[PDB]
Amino acid sequence: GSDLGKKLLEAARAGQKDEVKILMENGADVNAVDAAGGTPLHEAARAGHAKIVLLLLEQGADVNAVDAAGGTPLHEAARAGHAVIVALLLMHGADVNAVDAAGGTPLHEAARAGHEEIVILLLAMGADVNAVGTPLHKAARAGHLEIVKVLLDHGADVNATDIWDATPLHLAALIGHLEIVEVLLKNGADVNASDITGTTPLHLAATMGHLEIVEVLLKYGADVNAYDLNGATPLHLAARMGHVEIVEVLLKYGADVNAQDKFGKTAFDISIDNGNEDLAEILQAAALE
Amino acid sequence: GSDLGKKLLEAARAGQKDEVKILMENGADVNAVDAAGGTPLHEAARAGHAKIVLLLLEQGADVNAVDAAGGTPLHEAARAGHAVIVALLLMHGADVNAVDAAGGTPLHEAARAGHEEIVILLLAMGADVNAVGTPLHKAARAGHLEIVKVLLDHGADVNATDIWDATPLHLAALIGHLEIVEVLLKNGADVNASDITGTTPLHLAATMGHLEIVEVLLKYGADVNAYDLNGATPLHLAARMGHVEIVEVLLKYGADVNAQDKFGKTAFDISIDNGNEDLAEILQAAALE
Amino acid sequence: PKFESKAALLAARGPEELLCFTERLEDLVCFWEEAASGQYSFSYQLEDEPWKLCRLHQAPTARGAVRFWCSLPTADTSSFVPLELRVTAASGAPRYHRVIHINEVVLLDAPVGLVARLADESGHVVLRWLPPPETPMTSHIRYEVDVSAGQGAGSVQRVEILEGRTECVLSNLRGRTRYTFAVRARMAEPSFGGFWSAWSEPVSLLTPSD
Amino acid sequence: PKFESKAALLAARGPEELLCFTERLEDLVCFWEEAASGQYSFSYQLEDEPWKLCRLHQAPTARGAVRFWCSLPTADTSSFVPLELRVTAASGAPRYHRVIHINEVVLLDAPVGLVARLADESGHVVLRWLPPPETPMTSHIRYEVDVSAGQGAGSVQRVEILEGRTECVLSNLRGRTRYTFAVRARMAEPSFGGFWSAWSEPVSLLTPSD
């Protein structure tokens, strides 16, 4: 904007509370923009300087100004974890479900970054719990346990699917987040939901070697002998990865030892192919039964 | 209220997030009251449990419920420094200028306790900067520098007087908070304001032995030879307390050595009465001029 | 009683000043002493409550010095907060006006139960003691150990003990020497301020032969 | 090149697994090796951005083992965030699906510039070295020192060095003995995870006579 305007962009960024007041008193344009179409409000929300955020909003700063990437100060404050500023912005009418070029809402960014309080504050002001680019996918992936708890309490879709056919339980299973898998299951997550590849949560748990998770899934009624597009059961995947304990847990719950995949290979075949002594001994015993 | 109601007062206090949800799902009365007429909302605001505060307000908890002492959850959250909860309450319409039996507003408590962000949040939602039992008196007394800065920026009365005729500058001077005295002076605090006892800020500074403050006051035009109800000048008070350096600073700025109080005593008289060698030497020299 | 000891310690620090202190964090006495002329009013304000008064007691002392003091109630002894005090004459002239913190004027009793023991090696001594009886916040009390020797040696060592620790290890001592030990107490920063307690009961030891 | 060394170290740790690692925090290669049957699709999603693809490179190795690998751009190498990876066959069957963190798979180069020096007293040795060249976060790198002696003594000491410290003091050593020293590097927790680097260039010293 004015020459004082970019001096103000200088000062806002720097968190220089004295200098900000000086430049504004000199008639600086509060909605001056930088190269990125960022406003001093964007910069002050990013650095988390309360008093600058006060002085800007009191002088009519645009609460929902967008930079070239579609980002509002509410997006940046939610991303940077400045709870107070998020509050100040929200009180002044910041758009809870404005979306960046990427389809991201503040709730998206807050959930991904693991800012508990901001997620609470957003939800209380009516953030869409099941908007595009699902927060539950990110929270599940990242292992933000409490956030996943808050998400579910606020009515988030437990079995929402991304572009792959993956549900939050798929991601939780894969990453070995046991409690999250617990919370998900008790809220009615589908234990035998399949992505397009024919993978169930149990498949992921067996493959990654997450023993207890495999047990929790099994207790809630996961299919021990479900097959993917390879015609591979959890026992096939467990075998390939040499997971002895998991093979035993699979056996406990009624696994088919002589299930053949689309190569015609059994788990025992796999064990010989890998020269896995331990697996071959236990699988050999199971095959004769 | 109900039997589950006090179980809920039990659980809210304890911060037991699981148990709170359990008791409410069983039909607990959200506005049950204890012996003190405190609600679970009071208790949850006190302990700062975000999710309990969420679940209560979502189930119609009375945002401005008063206990027997006139205290709203906003008062307790401001006093205990739970910023988020203060935000949640404010968004749900908590009364910014509700007053306890003692005439205290949330802004009163937040300023006294030194909760910067809460003071900001209260002020943004329109807290009365100059309400009864002045926040500036407490902030000045306590030495909350930044809070005093925020108070003054938001238009607080620099020369508000309590029941004694004391202004914030009186309190700042007395406690030896140099910067605060600076900030106050630049915003137009009266350097020669008098309480009912005839005391100016300079009197307080001289008596407590705050040398630099005495200097700052003097630069801004404080009366070096102002008298209280004893007819005592700063030099009298400095003498009684044996403050050598302050006597010298007083001398620099034109102090009357032979001013007599209502006892007829000069500063030099005082020095002999206390057997103060140092003072008597310098005052003796000053008396002969 | 034990009160008189502490009042004398303070008076020497600041004559004709308004000295307030707390013994056990659960009370407060403010006092001053002055010459020839209760003819005074003691008022106080505590943190967001209206201005109240306190019954002044007048008693004599020293060379013509009258001592006025006020004992605040246990009701108004909550800590960590500005407590505004004013002493105003009958005539309505000001006399004193302070702002103090309750927690910042702690003068504890002396430590007790000194136990001095020789180490397994010559030159080392183990000292143990007890916090001031019936005091809270034993964790925030710091001590100082004084090591004297007789025969005009005077004070040879002055050792600060960490907060809450009622144990002291001394080294660097001369063998075959009768040393005398005392400890005093004080409240550790920055949560609390104040003065050193009076010095404890002494115990002595004769170090072994080296 | 130096890449081959690290790929071999990992393959021994997890055969037929999808191994991803970072050399200098500014790139990333994921790779796996398999037998007889790019016929594979490498896709990845990074923190709130849509699913992208990566050009797979196919090259042979070992006993009939084909190694597929993908080098992600420097654009998508920001750390501390979940990075979702999927390897899917031509046929559309799943093959791998992991979630890793960029920061949690650091395999640094070996430390360099070993300098071993005798202490002023027998039995003590001072070792110094340099962080892996052209690496950031030198402050978060921890090292381990191996002390070997010849003649079937093998590894006698294994000493962990604190984060950022490129200095080691050894004691408890036999005098008149030719000892051999090496150091490896690793990223300290909990900000970073990974494996130990390959072992550094050795230097030897002959301890004095005791």
# chains A, B, ... in the order shown; residues from 1 in each chain; ligands from 1
$ closest_atom_pairs --of "stretch 77-111 of chain C" --to "stretch 30-48 of chain C" --cutoff "9 Å" --atoms "only C-alpha atoms" --output "tab-separated table"
residue	atom	partner	partner_atom	distance
C:81	CA	C:47	CA	6.6
C:82	CA	C:47	CA	6.3
C:83	CA	C:46	CA	4.9
C:84	CA	C:45	CA	5.1
C:85	CA	C:44	CA	4.4
C:86	CA	C:43	CA	5.3
C:87	CA	C:42	CA	4.9
C:88	CA	C:41	CA	5.1
C:89	CA	C:40	CA	4.4
C:90	CA	C:39	CA	5.3
C:91	CA	C:39	CA	8.6
C:92	CA	C:41	CA	8.9
C:95	CA	C:40	CA	8.7
$ residues_around --residues "stretch 131-148 of chain B" --least-positions-apart "5" --cutoff "6 Å" --atoms "only C-alpha atoms" --output "PyMOL selection string"
(chain B and resi 108+111-112+116+168+171-172+180) or (chain C and resi 82)
$ residues_around --residues "stretch 113-118 of chain C" --least-positions-apart "4" --cutoff "12 Å" --atoms "only C-alpha atoms" --output "ChimeraX atom specification"
/C:122-133,145,147,166-171,173,175-176,179-184,199-209
$ atom_distance --atom1 "atom CA of residue A:205" --atom2 "atom CA of residue A:109"
27.4 Å
$ residues_around --residues "residue B:288" --least-positions-apart "6" --cutoff "12 Å" --atoms "only C-alpha atoms" --output "CSV table (one decimal) with C-alpha atoms, in the first residue's frame"
chain,number,residue,atom,x,y,z
B,256,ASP,CA,14.8,23.9,50.5
B,257,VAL,CA,17.2,22.8,53.2
B,258,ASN,CA,15.7,25.0,55.9
B,268,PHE,CA,19.3,19.0,59.5
B,281,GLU,CA,27.7,16.9,56.8
B,282,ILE,CA,26.0,17.4,53.5
$ closest_atom_pairs --of "chain A" --to "chain B" --cutoff "8 Å" --atoms "only C-alpha atoms" --output "JSON lines"
{"residue": "A:50", "atom": "CA", "partner": "B:117", "partner_atom": "CA", "distance": 7.6}
{"residue": "A:51", "atom": "CA", "partner": "B:150", "partner_atom": "CA", "distance": 7.9}
{"residue": "A:54", "atom": "CA", "partner": "B:124", "partner_atom": "CA", "distance": 7.6}
{"residue": "A:83", "atom": "CA", "partner": "B:84", "partner_atom": "CA", "distance": 7.5}
{"residue": "A:84", "atom": "CA", "partner": "B:117", "partner_atom": "CA", "distance": 6.9}
{"residue": "A:87", "atom": "CA", "partner": "B:87", "partner_atom": "CA", "distance": 6.5}
{"residue": "A:88", "atom": "CA", "partner": "B:121", "partner_atom": "CA", "distance": 6.9}
{"residue": "A:91", "atom": "CA", "partner": "B:91", "partner_atom": "CA", "distance": 7.2}
{"residue": "A:117", "atom": "CA", "partner": "B:84", "partner_atom": "CA", "distance": 6.9}
{"residue": "A:120", "atom": "CA", "partner": "B:54", "partner_atom": "CA", "distance": 7.9}
{"residue": "A:121", "atom": "CA", "partner": "B:88", "partner_atom": "CA", "distance": 6.9}
{"residue": "A:124", "atom": "CA", "partner": "B:88", "partner_atom": "CA", "distance": 7.4}
{"residue": "A:125", "atom": "CA", "partner": "B:91", "partner_atom": "CA", "distance": 7.9}
{"residue": "A:150", "atom": "CA", "partner": "B:51", "partner_atom": "CA", "distance": 7.9}
$ write_last_selection --atoms "N, CA and C atoms" --output "compact mmCIF listing (two decimals), in the first residue's frame"
# COMPACT_ATOMS: atom_id res chain seq x y z
N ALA A 50 -0.15 -10.86 20.35
CA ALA A 50 -1.51 -10.53 20.78
C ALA A 50 -1.86 -9.06 20.55
N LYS A 51 -0.98 -8.15 20.98
CA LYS A 51 -1.29 -6.73 21.02
C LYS A 51 -1.34 -6.15 19.61
N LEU A 54 -4.67 -7.19 18.37
CA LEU A 54 -5.64 -6.27 18.94
C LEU A 54 -5.72 -4.97 18.13
N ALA A 83 -3.62 -19.75 20.23
CA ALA A 83 -4.98 -20.03 20.65
C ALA A 83 -5.73 -18.72 20.82
N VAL A 84 -5.10 -17.76 21.52
CA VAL A 84 -5.73 -16.50 21.90
C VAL A 84 -6.15 -15.75 20.64
N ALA A 87 -8.99 -16.98 18.95
CA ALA A 87 -10.16 -16.56 19.72
C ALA A 87 -10.58 -15.15 19.30
N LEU A 88 -9.57 -14.27 19.22
CA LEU A 88 -9.79 -12.87 18.90
C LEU A 88 -10.40 -12.79 17.49
N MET A 91 -14.06 -14.13 17.40
CA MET A 91 -14.97 -13.18 18.02
C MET A 91 -15.33 -12.03 17.07
N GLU A 117 -6.69 -27.25 21.87
CA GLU A 117 -7.56 -26.16 22.30
C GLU A 117 -8.20 -25.47 21.10
N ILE A 120 -10.91 -27.39 19.72
CA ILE A 120 -12.06 -27.22 20.61
C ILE A 120 -12.76 -25.92 20.27
N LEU A 121 -11.97 -24.86 20.14
CA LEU A 121 -12.50 -23.53 19.94
C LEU A 121 -13.21 -23.45 18.58
N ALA A 124 -16.54 -25.37 18.69
CA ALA A 124 -17.55 -24.66 19.48
C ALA A 124 -18.18 -23.54 18.67
N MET A 125 -17.39 -23.00 17.74
CA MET A 125 -17.91 -21.95 16.89
C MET A 125 -18.48 -22.52 15.59
N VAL A 150 -11.70 -36.03 20.80
CA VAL A 150 -12.55 -34.86 20.68
C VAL A 150 -13.33 -34.90 19.36
$ atom_distance --atom1 "atom CA of residue A:10" --atom2 "atom CA of residue A:78"
22.3 Å
$ residues_around --residues "residue B:192" --least-positions-apart "2" --cutoff "9 Å" --atoms "only C-alpha atoms" --output "ChimeraX atom specification"
/B:189-190,194,199-202,221-223,226
